[PDB]
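Q:
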Amino acid sequence: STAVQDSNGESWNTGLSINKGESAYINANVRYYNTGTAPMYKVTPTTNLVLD
Amino acid sequence: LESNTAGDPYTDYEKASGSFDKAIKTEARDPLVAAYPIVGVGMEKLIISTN
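Just so you know, the sequences run in chain order G and A. For the first sequence, the authors' numbering assigns the number 364 to the initial residue and increments by one for each residue that follows. For the second sequence, the authors' numbering assigns the number 262 to the initial residue and increments by one for each residue that follows.
(1) Buried or exposed: which applies to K286(A), given that a residue is buried once 16 or more other Cβ atoms fall within 10 Å of its Cβ?
(2) By a C-beta neighbour count over all protein chains shown, 10 Å radius and 16 as the cutoff for buried, is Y396(G) buried or exposed?
(3) To the nearest angstrom, how far is the alpha carbon of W375(G) from that of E385(G)?
(4) Using only the alpha-carbon positions, how far apart do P292(A) and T266(A) sit?
(5) Check whether the segment 264 to 282 of chain A and the segment 399 to 407 of chain G are in contact - that is, three or more C-beta pairs closer than 8 Å.
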């Protein structure tokens with residue numbers, strides 16, 4: 364006997380990796396204001412970001 | 262014989278006179294009570310992020 368087989372395929376893969384420690388980055392758009400009597404120079408605030 | 266009786270950064274006159282910082286409690290105005298902060302930290306919650 365003698366046989367000749369000719370094949371051809373194709374594949375498609377989609378992946379998705381996720382880090383559970385850093386799953387997103389947050390970006391806060393903020394704005395300062397002054398309700399006192401004097402100006403402030405080189406304004407450097409410290410802010411909390413609270414979820415619950 | 263001591264310019265700073267209590268051993269703090271302020272002399273006996275500065276304490277007794279009140280010529281130091283104005284946020285110092287008034288008991289620390291006499292030269293035998295030290296103007297001295299007692300600062301401590303306390304934890305309110307701990308958050309874990311699995312890597």
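From the three backbone atoms N, C-alpha and C, an ideal C-beta is built for every residue, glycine too.
A: Well, looking at it:
(1) exposed
(2) exposed
(3) 29 Å
(4) 6 Å
(5) no
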